[PDB]
Structures are given as structure tokens and as C-alpha cells.
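The block underneath contains the structure these notes are about, expressed in C-alpha cells.
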Amino acid sequence: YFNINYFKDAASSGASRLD
Amino acid sequence: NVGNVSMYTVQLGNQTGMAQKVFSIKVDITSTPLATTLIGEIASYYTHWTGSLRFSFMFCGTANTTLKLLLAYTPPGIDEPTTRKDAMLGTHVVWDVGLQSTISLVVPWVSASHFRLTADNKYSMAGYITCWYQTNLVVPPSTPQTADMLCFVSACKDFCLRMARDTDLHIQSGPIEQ
Amino acid sequence: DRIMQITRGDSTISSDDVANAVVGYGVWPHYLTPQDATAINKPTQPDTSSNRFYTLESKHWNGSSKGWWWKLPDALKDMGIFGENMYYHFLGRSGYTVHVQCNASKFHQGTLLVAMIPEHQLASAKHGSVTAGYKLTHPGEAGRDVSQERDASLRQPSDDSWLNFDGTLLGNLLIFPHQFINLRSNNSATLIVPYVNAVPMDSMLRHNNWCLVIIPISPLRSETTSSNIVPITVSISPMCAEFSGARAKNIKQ
Amino acid sequence: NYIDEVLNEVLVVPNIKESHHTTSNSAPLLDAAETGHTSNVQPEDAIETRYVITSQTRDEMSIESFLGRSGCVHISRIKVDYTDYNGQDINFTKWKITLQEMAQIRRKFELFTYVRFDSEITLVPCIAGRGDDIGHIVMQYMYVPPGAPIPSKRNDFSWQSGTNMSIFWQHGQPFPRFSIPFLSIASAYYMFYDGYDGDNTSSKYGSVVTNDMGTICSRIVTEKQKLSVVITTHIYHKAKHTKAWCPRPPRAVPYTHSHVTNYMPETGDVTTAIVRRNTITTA
Amino acid sequence: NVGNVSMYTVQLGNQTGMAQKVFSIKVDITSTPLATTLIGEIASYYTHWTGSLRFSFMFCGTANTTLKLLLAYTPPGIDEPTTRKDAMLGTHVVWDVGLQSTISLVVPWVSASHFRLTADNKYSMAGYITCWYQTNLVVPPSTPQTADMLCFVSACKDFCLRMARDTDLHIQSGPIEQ
Amino acid sequence: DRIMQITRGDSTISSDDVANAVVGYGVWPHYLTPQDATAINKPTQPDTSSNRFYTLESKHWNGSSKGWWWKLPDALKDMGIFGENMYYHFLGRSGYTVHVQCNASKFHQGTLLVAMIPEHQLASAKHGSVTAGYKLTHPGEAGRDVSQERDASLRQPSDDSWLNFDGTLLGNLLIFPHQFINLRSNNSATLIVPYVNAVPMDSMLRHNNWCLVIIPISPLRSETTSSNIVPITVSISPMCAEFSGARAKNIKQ
Amino acid sequence: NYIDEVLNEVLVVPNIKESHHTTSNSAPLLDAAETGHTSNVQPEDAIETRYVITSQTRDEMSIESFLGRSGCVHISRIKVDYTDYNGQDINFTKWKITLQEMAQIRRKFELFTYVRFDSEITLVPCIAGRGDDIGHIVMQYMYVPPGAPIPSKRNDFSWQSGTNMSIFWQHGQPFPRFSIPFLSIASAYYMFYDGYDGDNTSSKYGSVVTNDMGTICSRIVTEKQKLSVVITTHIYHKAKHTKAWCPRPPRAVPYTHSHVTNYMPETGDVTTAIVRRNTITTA
Amino acid sequence: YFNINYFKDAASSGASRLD
Amino acid sequence: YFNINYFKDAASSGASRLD
């Protein structure tokens, strides 16, 4: 389960990723 | 009779008169005497019933004995018939006691509402069934002159129930111990 | 045709008149399968020498008779071989055939209701939580009731018929495998019954799986000399008997 | 399946065909019920029937809609005490699992000899305020099979459930409800029994010999409080995925004691549902 | 004996009489002496048990020493046998003490219910196992005349448990400090 | 290798030392064939529950011991199941396995001759035409002789060994199926024996087909405490038991 | 997989084949247990077995259903004070993580030498009302590994958790429950140890040397209140994704002290579960 | 919506089916 | 329903499997 930005804005999202 | 077994037999008697009547019960399958019956006991677990029904009678008479009863189903509409002619007019079955022994009477389904209520209701009144003598009970010498007939009721493939509900026929005016 | 012939051991029974025969729950008695099994030892299966036609003690049919029962795993606690193998083994399993004979004449009138019953937990005659006693639900060939008298000190069952001894309006009893003996057509009653129990093989001593009842419904009525006695005789045949869990030997009681 | 299952038309009953008259030999209405079998006669046989296409399902007439319904089988009660907390055999309940201890439902089953099924549960704590404020009252319902430490009193060490099941409910959160297999041991639950403990003329005999699925102990955590309370955590039980073998006559007389079949009032010359008639002639 | 080690050995003695008996224990794997055993200790973590079981015995006797015991498994049904004949009648194994030293006795699974309860229950009674002399314990000159036998119990691939529950064999009538 | 393992019922026997095993007349015991048969009924064949390893009463080996015998059809007239089936049926047929155990130490010296014998018609101890009595050739687990004392009023056999009890120089006895128990190598003796008799199934009561004898040849000699008792234990296993001619039940005697 | 996993038939036990008699040389029943090995004898070997197709799974006999069950391992308590709020070492708890401080569960593990697993947690605050109204009482459970500021008293600065974990629960909201890896450091959790701190004849020695996964400090936010309270936030622990190496004998004697193995009552001449028999001859 | 045995065990599931 | 590790970390997941 993931990438389901339930919210529109980007500022709202999980902790970013890593690379 | 009731607290005993006899409460199950129906003795077919003398009858000085002729064309006399035996018994009657009403069809509303939740009505003592019916109720308590494996069926009744059950039906009383649902709010609505439907279909045909089957009444069977057996002669616990003798072998050399003979008789002919007339059983009838008087659909809902009027009063349980006072006389045979009046009752013979509707649904019935003449029963010839003989080498066989069991006559099964069917109770067609006559109703307005596809369905009937299991609970006492003037509307959903299923009617009456009664039994009378067609001829007599003749017995040759030195045979008893009263004898019994057992009666039963099983369903028809017609049959079906619905709307489960908690029973009537059992009040646990307890509790229950240990 | 009504005539029937049955052969079980070294024994055979005939009946020039009958009301079919009945197979309990429409299943024919047979031997246990390595699927439903549980035990691990090889069961001893006395064939013939065991599952044969044993006849019990006879009884009188009275105008005062009330009814009499026999409990099967128990009725043959003495019947040779079967009833020894019972006592020598822990696990016992078997099905039966019940031939109920009761004749009189075509000038007689009477009706007997015969029925077998899986787990027939009887009720005590006395109010409370005291269950019927062992020794009294373990009568033997002789059976129980008749319409008899007894100590009320004994944790004694209900001699009460109409309630089914279990307190279920007799008459709904027709739900158990059965048939009648209407002296005007019938002569006997034949019940055949497989092994019913949540376990593959039970204790032939502690547990009686089948219970048989015979109850006069319409009272015997002749016009003859009461010199004319009309017995009731029961005959039984373990079928597909199987035993296991061999050892010392229990004890009679 | 859907439609048939959503429309509930799985088990449908046949229809009543049309008949004509019969002035013929074979009489279907005549059979000898002594054979112990059941007649097979129908409307179409006895009368001059018509033609009715049916549409009644025997869905609700399935051992699963007959059995699969939640029923009070026990009412655990705790009249708390703050005076003596703990103490022996206090402020924590322990009832013996298995019905009987409750009617209605008991009667239902008993309709069959054997039986088997996964049991779904549901609790219904009801906190009666006997004080001017209850607040937060945690609860611990912990099941316990046989050979297991049953708490002597509240805070034993058995309430650690290191390997047991304890469900927790705190005032507010919805009603706990869990399930449970077919437990027992062999094949199915003994709806009766005609066996005993042993040859001991003092041995036990009844459907209490084959069913001892341990006990369940309650207990109200949260500890000591000011304003008193009394709890009554109801119990309901539902049978899901049920099975049935061999049926039997219903129970007309009001039961007695737990386990056992006994019938036998304190005089009540005994009593059954049958009603009395003046005469057979009129109904 | 019990708080010590001996509590583990079983000395095979003299026996003036013949055909005399050694010991007995009951099979119900949650019953001291059994219980405490790696198995028992465990089983007491589950509500139900099943399958066969294995009892092994070893001769801590001498080399020049000799004996022959008869071990037996008396299934559930009756009382632990008072006499050998009575017990020999069921499941058993004659054990010839010799260059080998260990005889392993299997306890078949005999039961009605596929499964047995781990908790003391009159119903789920697994039975008894006992040991007796077949011959004697003969020892040539200047060898002791009593000697010990150790006994053990491991499972069978038959074996299996279920319904986890908290143990019996351990009451923490503590607490536990720091 | 000498070690041996034998499994017959729910029973097994072991022996960490042995002198082979012997099959009587090189024939292995089995069930009766519809060719040599004669009877007409289906024989009951208890398997396992019957043909298992029964052990008798033990005995003492004395420096004064003279010898002791057991008659097989008879030694198990009490051994559960087999020994009931014996009494319930007319015809009985069965073969056996004889495990003779007798240990002591490697510091002991002794020799036992074990032998089975088809139709062992014993002789009476008294001159005349009076044959041994029933009741005395029907000892039971317990066996006979030892070197015992008894009524000479009884039509009593010959307690006489060297003549074979039948009056044939013991030593020619080696003709019957046998083996010894030389305490210096041996531990047991194992005899296995089929059913020998001019009839397909005999009377398990009137006729004992096999007769077994054990005779101290070289007297037991230790240098130990006579506190050291060296028993002799016999174990037996009906094999391929088959019965038939079911009925009431004989009586014990 | 499903069926096998839903039906729970993953680890099934073999069946018991059929046997016949054996009048043969090799005696399987004879082995010498001194080899330290275990016999391999079976039903089929010893008797004349039949044929039983089995159907028992050894699923529930897995280190995960043996271990994977929540158990009280600690009962944090706070008898609040309103008189002095804050003050040093008050109204905020701090217990040393690791079992022992609780039986049942402790005994379970100890069944093995080493071990390893992710730990699932669950809190169970229980607010006892000692007042005529509690209302809203926030809570802060903040974990703290080693070398970390442990709050001197309630409102330190360590309750800012700028880089620590603090779970918050407010009366109403369900029971907090989080997880946690395998922490430790090397490979697995030392279920015992036969090492010491050092050569100091005063060094530590036991399974308290290899396990110091810091402490966890509680604390009831909300500040000062009128009507008093007392809290008891229970603790349960479950082992998910567990592993096991090398087993060992269970613990029959009631423990002593935390860490350590010590057995040794205050006289109780010592005591174990073994029962006494009159005679070996009758059981 | 169906056959989503959100729980592992089988004992936990809806009322069975009919056939 | 399954394998929906709603959470990122592995330490957070159901009771493992069996094999």
C-alpha cells in the first residue's frame, strides 16, 4: 500500500523517499 | 385424557344414530390440538406459513372389523359444520377401511393472501376439518365394538415458512438451575 | 409382498406378514473406515459368531401394560461372544437389526409403536439435578418398565411414558426411526440401524448409543379367555461388530 | 448465485400442477403408515388442482437461519466492592461455558441430537452508576480452557494471559465480538449423551460429560475507585457454519436444572402447552 | 526420595516371590510423575493432546547381570491391574536385558475421541502402564543384587497438541523482585 | 546374529540372545483351506485380539527339579478371548509360537530340553488298562509335574520323565520339534508350530493336539546364594486361530 | 497455501500405516539411549497397527503460536498528586524494559537459550476515579534508549521528544499499540548469559549484561486537576516474527529476584511441582 | 462485495452459504 | 485480503507465515 496521496496538495504526503 | 396418552387415540364407537359426527379440529397449524406437533411446535418459530398440508388417519381397529368414515376440509369462510351434508359439500375424502388401513387427506391451500400468519388471526383463518361416519363400524361376532384411529399430520411439498421469530409454545418461567 | 426372510448368523428369522422394514437414517450399517477412524490397533471383527440373531426375554402385552424399553449396547451384555468381546475391549462399535414379533389373532385389536433413539438421556422421576443411576439404565435382556414398582431411593428414571421419559411429547417420537405393530395388518416390526455417534468407536460399557422403545398406543382388546396371553418378543443382531483395545476384562454388574 | 442468493431464491419449492379426475384403480391416498415411512400424497393427487407457479424459498428454513441468531446465554454480574478489593473469589466472575443456563436458545438446538459449529460471540457490558461518577472502567474478559489456573481472586497471575485470550473493553469503544471454532474435540458437540463417567454407582451421566470447554473469567481492571458500580456484561452467542444429524422432538416441559433433561416442578403436577377441550366435536 | 535425584531411578530388587510387580504410573501425560517431564511440562500449555507415546527403559545394572521384565500398557476401561496375568492380557512388551540395554515400549493410541484433554478428566483417561518380572535378576558371584533402571518418555510422530492455554505446573506465588 | 524380535498381538517379545527358532515340520501355521475343510459354517477368526502373546504362570528351576509339561489347547483355557471362543464353539483350530525364557548368569551351568509333541498320549503310573484322567491332563496355565506329590486314587499319569511319560527313551525325543536352553549360550527357546491332526478342526476341549515338555537335562549349578532363584517362564501365542460351531457355552472344570 | 493456511493444515503429521507380525531378527525396540540419541520406534513397529489417515496439524505447535501471544510484563502506576506537581521523581513513571518483572511469559521464553523477534506492543490505561469527576486526561508514553535524558521530574525538557518516541492517548480514543524490531544489537536477544561485566570480583553476571534497551518514561500531561486519580497503564507484549535456537528445560521453581536464575524461598525449604506418592506400585 | 475474509482463520467468517 | 503492509517498516506486520 502506497502512493495514494489521499490529499491534493503535495505538502501533504508522507516522509519523502530516499535515493 | 390430556395428561395421558389416550390424548392421541380417537375411538370410533357405536353410533345408534346414523350419519353422525366423529370429531373436528381447526387447521390453523398453531392451534392446540395441532400446535405441539413436530410441525406446529415449529411453525411457532416463524411468523408466516403456507402451502398444502396432509392429514393421515390409521385404523387400530381389528382385521375382521369394517367401517367407512367421511373426512372433510371446510375452507375458511363459514362456521365448522354442524351437519355432514353441509360439510360434504366442500373438500373431502370418503375413507374405506380395509386391508389398507391408512387414508391420507390433503388440505389444499385456499387463501386470498399468498401467505398466512402463524399467529391467531381472524383474517388468516385456515378453516376446519371434521370426520363423520359414512356407514358404520360393523364387526362380526365377538370382536370389540369400539376401536381406535390414530391421526397424523406431515407437510406437503407445497409448504414453506418464513420470518423467524421466537416461539409461543414454551415459556421458561424459570430460571434454570444447576 | 409382505413375507420377509432375514439371515444373520447361523440364525435366520421368517415372517409370513410384515410392514416393510426400515433403515435408520437410510444408512446401512457397515465397518469403520481408515478415514474417520482414530484408534491405531487392528480391530477384532468376529463375524457370524458374533453378529448373529440373539433373542431376549419375552414379555406380556397387558390392558394395563404401559410400555417397556431395552438399551442396546447393554441388552446383549450376556449374549455369548459379542457380549464378552464387550468386556474384554475398551472400544466397541456395532450396528443392529431389531426383529419385534407380537402375534395374536385377526380377532384381536392392538397397536404398538416401536422406535429406536440415538442418545436417549432419560430424566429422573424426582425433581433435582440427580441423574438416573447406572445400574438402572443397564437392565439387560430383561429391559425396563412394564409398569413396575421400585425404590424411590434409587436415582431412578421416569417410568413416565407420554413425556418420552425425556420430556418430549411422545408422538413427535415419530421423528426417531420407527414403525408400529397394528395387529390387524402387521405381525412384527423390523428396524435396521447403523452406528451413530460423534466418535468412531465408543465405550460399549459407559455409553449406550441406541435405545429402543416399544409403546402400546391402542390397548390390546380381545373378547377371549385371558388364558390367551399375547407375548411380545424382541430379537437382535449386532451387525458389522468391530472391537479393539484388548486387555484384562471388565466386570459384571 | 448472486441473484439467487441476494434475491434469496436458493431453495425453491415445486409448483402445483394441474389435475384431472381419476376413476382409476391405484389409490395413492391409501398407504400403511405402520411401515413407519411417510406418505407421499399431494394436492394434485387428492383433488383437481389447477396450476400455480410457486416462488417461496426454503432459504430461511435452513439449519443456518434457524440456528445462526445471537442469544443471551449468560449474564455475568459484578457488584463491585471497594472495601475489600481482591480478597478471595471477588470482583471477578467465572461462569461455566455452555448453554442450558439459559432457555430459548437451549430449546432450539435440543431439536437435534448432534450438531457442530463455529461460535461467534458478542459482549454487551452495561455499567450501572450507583455513584455520582464512574468515568473510565477498563474490563478484561479472559477465556480459559480446562486444566488452567483459574483466578483465585482478581489479581492472580493468570491475568497476565501470556498464552491465553483476554479481550479488553473500555467504556466508549464498541461492543467486543470474536469467534470460535468448532472447539470440542471429536467431530461434533454432544447435544445429549447416554453415557457416564464410569461404573461408579455414583458416576455422572448426561450432556456434561462430553462438554467441558473450560471456563471464562471476567475481571474489571482499572483497580479501586470512589463512586461504586455494578456491571452486567451480557452474553450473546451465534452459530455460524453449522451442521445437523439426527433430529428429535422439541421440549415442551419447562426445564429444571442445568444439564439434564429432568422435568419436575415444585408440585406443578407438571405442565405442558397442551390446551383442554370441552368436546372433540367442536373446535 | 522426591526432593533428591533417586527420584529418577527404580531399583530392580530381590523378589523372593516370583512373577511379582515393579511399578506403575498412569498415562495421562499431565500427571505427576509424568507432568514435570519436558513433554508434560509442555502439554500443560495446551488443552488437548493426541497420538502415540514412547516409553524407554535402560538398565544401569551390571554387565554380568541378567534380567527379564514385562512392561504393559493397560488401556483405559478398567483398573490398574493388581496382577501380571491380568495385565499381560492387553498391550505389552517382554524385555530381555542383555548386551543391548534399552527397551522402548510404545503406547498406541486407543481412544474414542480423536482427541484427549490434557486436563484431568475421567473421560479422557488414557490408562496405565506397569512393569513386572518375567524371570528374575540373576547375578553371578560378587555382583550387587539390586540395580537400577532409568525410565524415559519421548513422543511418537503420531503426536500432536492444540488449543494453547497457560500452564498448570507453575504458580508464581510471588511476585518477583529486583 | 542372535538377537530376535517377535510381534504377535498388541504384544511383542524381545531376546538379546537366542538359538535360532524352529518351525515345526518346516511348516508355517496358517488358516484352513476350502479343500481340506469339512464343516459348512463361516469360521470366526479373531485376529490380534485372540492370536496374541499370552504368558503363563512361572516356575522355579531346582537342583531337584525333574521336569514340567503344559498341554496347549488347554494351557489357555482362560487366556481372554481365545479361551472363551474355545468354550463357545465346538470346532477350534489354531497354531502356536512358544517363547521359553529362562535366564541366570554366565556363572551358572544348566541345560533345558524343550520339545513339542503331536498326540502325547501319556501313560498311567499304575499298571492296568486305566487311562490317565481328564482333569489331570487338563492342568491349565499352571502345567504339571514339577516333582510333585498326589493321590494315587486318581487315574494319574506318569510323573516319570526318562520314559517320556509315554514310555519311549527320552533322548529319542529329539525327533519331536525341539531345542535346548544351555545357559552358557542360550537364553530362550522358540518353537513355532502349525496345526497337525487327521481332521481339519478338532474339539478344543476333548483333544489337545500339541503337548509341550521342558526337561532339565544337566542340573542347574551355581555357587551363589540360593536366594538367587532362576525361574522359567513360558509365553504363548495362538496364531491363525479359527473357530466355528457356535452355540451356548461349555463349562469350566 | 490459502486453504492450507486458512484451513490450517500447513504442518501435518504422518499417518499410522498397517502392520503385520514379525518373527524376525532385527529388533527395533532395542536401542542404547546412552548414545544420547533418541529412539525412533513407532506404533507400527511394536504392534499390529491398522491404518489411520491423520489430519492434525502442528501449526499451533510453532514457535510463533507458542510465542506470539500478548502478556502483561509490566503495570505502570501513578498515584497522582496535586499538592506538589512536578517535584523530583513524581507523577511520572520510569520502568526498565525487559521481562522478568513478570512471570508466566518469562517462563515461556526461558524454554530457549537464544531467541530474536520484533515486538508488538499494546497499552491499556485504566483511569480510576478517586474524585467526583476526571474528564479529560491526556497521557504521554515516551520510550528512551540508553544514554538519554531520563526525566528528573514530569516537565523536564526531555518530554519535547524532538527525536524520541512519545505516544499520546486521550480518554476515549482506543488502546495504543505499536511495534518494534528486533532491537538489541547483535543477532539475537540473550535468553541467558554466562558472562560478566569484567574481572572485578564485584562485576555483574547474568542476562542483564547483554540487555539494556534503555527505559520508558510515562507521564500524564493535562497538568493540574481538581478531583484526584490514579492510573494503571497495563502492558502487554507480543512476539511477532520470532526465531529459535537452542532449547532448554523449563523452570519449575518459582523465581526469585529479577534477572538471575536464583531459587531460594524465605524457608520454603524450596518447592517444586512434583507430587508425592505412597507407593510406586499403585498410581 | 464478498469473499474478503479479512481474517486468517476460517472459524471467523460470515454465515456460510447454501447449496 | 493480505500482504497489504499498510506500514513501511517490516517490523510492523502480521505474525509471519509458516513453511
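The letters A, B, C, D, E, F, G, H and I name the chains in turn, as written, and every chain counts its residues from 1.
Simple rule for what comes next: contacts are C-beta pairs under 8 Å (C-beta built on N, C-alpha and C of every residue); 3 or more make two chains touch, one makes a residue touch a chain.
How short can a chain-to-chain path be from subunit G to subunit H, counted in steps between touching chains?
Step count on the best path from subunit G to subunit H: 1.
Tell me which has more C-beta contacts between its two chains, C-E or C-D.
Between C-D and C-E, contacts are more numerous in C-D.
Would you kindly tell me how far, in whole Å, the mean C-alpha position of subunit I lies from that of subunit A?
Whole-Å distance between the two chain centres: 21.
Compute the distance, rounded to whole Å, between the mean C-alpha positions of subunit E and subunit I.
One centre to the other, that is 45 Å.
Determine the centre-to-centre distance between subunit E and subunit F, using the mean Cα coordinates as centres, and give it in whole Å.
32
Residues of subunit D that contact two or more other chains, please.
Counting only residues that touch two or more other chains, subunit D contributes 32-34, 65, 157-158, 160-164, 186-187, 197-198, 203-204, 210, 249-252, 256-258, 272, 274.
Hey, what residues on subunit A touch two or more of the other chains?
none
In subunit B, which residues are in touch with two or more of the other chains?
Answer for subunit B, listing residues that touch two or more other chains: 3, 7, 36, 38, 41, 58, 101, 152, 177-178.
Which residues of subunit D touch subunit E in their complex?
Touch residues, subunit D against subunit E: 144-149, 157-158, 160-164, 183, 185-187, 197-198, 203-204, 209-210, 212, 214.
Under the definition above, what is the set of subunit C residues touching subunit B in their complex?
Against subunit B, the touching part of subunit C is residues 106-111, 129, 161-162, 169-172, 174-175, 180, 182-185, 215, 217-218, 221-223.
Mind pulling up the subunit H residues that touch subunit I in the complex?
4-6, 8
Inside the complex, what are the residues of subunit I that reach subunit H?
Per the touch definition, subunit I meets subunit H at residues 1, 14.
Could you pull out which subunit G residues touch subunit D in their complex?
Per the stated touch rule, the residues are 66, 69-73, 102-105, 107-108, 124-134, 171-172, 174-175, 230, 232, 234, 236.
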